[PDB]
Structures are given as C-alpha cells and as structure tokens.
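We count residues from 1, following the sequence as given.
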Amino acid sequence: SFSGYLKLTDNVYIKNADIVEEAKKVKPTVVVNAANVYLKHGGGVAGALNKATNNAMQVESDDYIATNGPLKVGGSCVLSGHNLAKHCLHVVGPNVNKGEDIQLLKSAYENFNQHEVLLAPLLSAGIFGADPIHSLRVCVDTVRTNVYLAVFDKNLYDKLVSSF
Ligand SMILES: COc1ccc([C@@H](Cc2nnn[nH]2)NC(=O)c2ncnc3[nH]ccc23)cc1
C-alpha cells in the first residue's frame with residue numbers, strides 16, 4: 001500500500017516522510033529499525049518506533065538481548081512489528097562516531113535481501129555519523145529486494161534526489 005514514492009531504481013523508492021507515520025498508514029510486512037547492538041531504542045528512528053509501540057518494542061528487545069546477547073555491527077534480528085508492521089527487522093549499521101568501520105554498511109544493507117519488501121530508513125546516517133549520500137549509494141548497490149526509503153528531513157530528501 002505504499003504511495004507518493006519517487007522511483008530511484010527498479011527496486012529502490014524514496015519519500016520525504018516520517019517512518020513511524022508511514023508504518024501506521026501502510027502496516028507493511030517489514031519495518032526496518034536503525035538499531036544499536038544492544039537494541040536500546042533511545043533516539044532517532046529507534047526511539048521514535050519504540051515510542052509508537054508504547055515501549056512494547058523495548059520490552060521485547062530486552063528479552064531478546066537477555067537470551068541471545070548483543071547483535072554484531074552489520075547484523076540483524078527479526079522481532080515483532082507490534083502496531084507498526086508484521087515484523088521489525090532491527091539492523092545495526094556502523095556508528096562512524098564510535099570508530100566503527102564504514103565498510104560494515106554494505107553488510108548491514110545485505111540483511112534487507114532476506115525480505116521481499118521493506119519500509120526503511122537510510123542506515124548509519126543521522127547520529128551514526130555516515131554521509132547519507134554514501135548510505136543511499138550503498139543501499140542502491142546492495143539491496144535487490146523492494147525497499148521503500150523514508151527520509152525524515154526535507155532538505156536532506158531534496159539533496160539525496162538531486163544528487164543521485
Ligand atoms: C542510527 O542510525 C540512524 C539512521 C538514520 C537516521 C535518520 C536519517 C535521516 N535524516 N533525515 N532524514 N533521514 N533518519 C531518521 O531519523 C528518520 N527517518 C525516517 N523517519 C523518521 N521518523 C523519526 C525519525 C526518522 C538517524 C539515525
């Protein structure tokens with residue numbers, strides 16, 4: 001049910017939208033979370049997704065961490081999407097602000113290829129320190145499944161589209 005997306009490639013689409021409001025409107029099979037290895041959903045996409053689930057995402061995440069330990073940088077896990085989606089694919093992109101290797105961003109995007117269609121943010125951008133133009137390039141060059149990108153900042157959306 002995605003609408004108002006601009007087509008970038010055969011499988012990559014983009015919209016200036018809040019991923020939480022997109023998830024509520026569409027109820028996608030998969031919503032991607034921009035997670036950290038601990039699944040501590042404090043801010044950004046994670047804090048926003050968590051708050052929309054009334055903290056049910058954090059409770060579920062803490063139980064997952066208690067059982068399995070932390071995720072790898074570039075890794076992922078599939079948990080419930082609660083009221084936003086059937087599933088939430090928690091993906092850990094490298095945090096450039098913590099000295100994490102930017103090459104792990106390709107590995108993080110590879111997790112998207114296990115799902116036919118996903119609603120997602122740009123990985124490693126925002127508070128994770130990577131260049132969003134670089135993140136979009138890696139997305140297009142790595143993801144083969146149908147990905148619908150929600151870009152929150154209008155000025156960033158315009159820059160991403162005009163430079164692609
Ligand atoms: C920690 O990794 C991050 C990854 C991406 C991000 C940024 C990248 C970005 N910056 N301007 N639009 N996009 N995205 C969001 O914060 C974002 N995107 C879509 N819908 C949203 N609703 C609430 C937040 C939000 C930050 C952090």
Side-chain angles (χ1 to χ4, degrees), residues 1-41 44-53 56-61 63-65 67-95 100 102-126 128 130 132 134-152 157 160 164:
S1 190
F2 300 91
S3 65
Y5 283 77
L6 174 80
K7 187 178 189 60
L8 292 177
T9 74
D10 164 62
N11 65 299
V12 181
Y13 296 85
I14 195 168
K15 186 179 181 181
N16 175 33
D18 177 342
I19 202 172
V20 171
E21 300 310 310
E22 271 308 290
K24 287 178 174 172
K25 182 62 156 50
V26 174
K27 305 261 185 48
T29 305
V30 186
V31 64
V32 172
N33 178 32
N36 54 55
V37 299
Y38 306 109
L39 302 184
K40 289 295 189 206
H41 312 308
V45 170
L49 290 179
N50 179 54
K51 185 186 180 191
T53 71
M57 174 178 286
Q58 188 63 69
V59 169
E60 185 197 20
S61 294
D63 171 77
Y64 175 91
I65 297 295
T67 297
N68 300 285
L71 274 69
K72 287 177 199 180
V73 176
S76 76
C77 69
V78 176
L79 290 175
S80 173
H82 308 269
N83 59 313
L84 303 175
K86 168 69 166 301
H87 300 294
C88 174
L89 179 66
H90 294 275
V91 183
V92 184
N95 182 346
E100 296 171 4
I102 196 54
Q103 285 173 134
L104 295 158
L105 183 55
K106 189 168 181 70
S107 300
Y109 274 117
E110 283 171 351
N111 293 288
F112 289 29
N113 292 321
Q114 298 297 317
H115 303 275
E116 284 193 334
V117 39
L118 322 87
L119 166 59
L122 283 177
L123 300 174
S124 291
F128 268 13
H134 176 60
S135 183
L136 175 61
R137 174 83 262 153
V138 177
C139 179
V140 161
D141 291 348
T142 311
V143 182
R144 294 176 307 280
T145 57
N146 298 320
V147 54
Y148 291 84
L149 299 171
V151 177
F152 185 72
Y157 173 84
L160 289 168
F164 169 68

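Listed by first then second residue, pairs satisfying salt bridge (charged side-chain N to carboxylate O under 4.0 Å, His left out) with a partner in residues 105-125 number zero, not counting sequence neighbours.
Distance CG/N95 to CD1/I102: 9.5 Å, rounded to 0.5 Å. Distance check, rounded to the nearest 0.5 Å: CG of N146 to CG of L119 gives 13.0 Å. Within the model, atoms CG of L160 and CD1 of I14 stand 5.0 Å from one another, a figure rounded to the nearest 0.5 Å. From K15, atom NZ reaches atom CD of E22 across 3.5 Å, with rounding to the nearest 0.5 Å. Atoms CG and CG, from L105 and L122 in turn, are 9.0 Å apart once rounded to the nearest 0.5 Å. Here CZ of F2 is found 6.0 Å from OH of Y148. Values are rounded to the nearest 0.5 Å.
Nearest approach of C77 to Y64, heavy atoms of both residues: CB-OH, 3.5 Å. A pairwise comparison of heavy atoms in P28 and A23 identifies CD-O, 3.4 Å as the closest pair. The two atoms that bring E100 and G93 nearest to each other are OE1-O, 4.3 Å, heavy atoms only. Pairing each heavy atom of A46 with each of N33, the nearest pair is CA-OD1, 3.1 Å. The nearest pair of heavy atoms linking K72 to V37 is C-CG1, 4.0 Å. In plain terms, the two heavy atoms of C139 and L149 that are nearest each other are SG-CD1, 4.2 Å.
For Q58 (side chain) and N50 (main-chain N/O), no donor-acceptor pair under 3.5 Å exists by modelled atom type. Remark: the backbone N or O of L123 is paired with a side-chain donor or acceptor of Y109 at under 3.5 angstrom. With hydrogens and angles disregarded, a donor-acceptor distance shorter than 3.5 Å links the side chain of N83 to the backbone of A52. For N113 (side chain) and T142 (main-chain N/O), a donor-acceptor pair under 3.5 Å exists by modelled atom type. Side chain of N11 to backbone of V147: no donor-acceptor contact under 3.5 angstrom is found. A donor-acceptor pair under 3.5 Å is formed between the side chain of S124 and the backbone N or O of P94.
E21 CD: more than 12 foreign heavy atoms inside a 6.0 Å radius.
Side-chain contact check for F164 versus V140: some heavy-atom pair is nearer than 4.5 Å. Contact annotation: the side chain of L49 approaches that of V20 to within less than 4.5 Å [non-hydrogen atoms, C-beta and beyond]. Between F112 and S76 there is no side-chain heavy-atom pair separated by less than 4.5 Å. Side-chain contact between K24 and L84: present, with at least one pair of heavy atoms (C-beta onward) separated by less than 4.5 Å. No side-chain heavy atom of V151 sits under 4.5 Å from any side-chain heavy atom of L136.
Residues passing the side-chain contact (heavy atoms from CB on, under 4.5 Å) test with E60 are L79, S80, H82, sequence neighbours excluded. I65 is linked by a side-chain contact (heavy atoms from CB on, under 4.5 Å) to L39, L71, counting only residues two or more places apart in sequence or in another chain.
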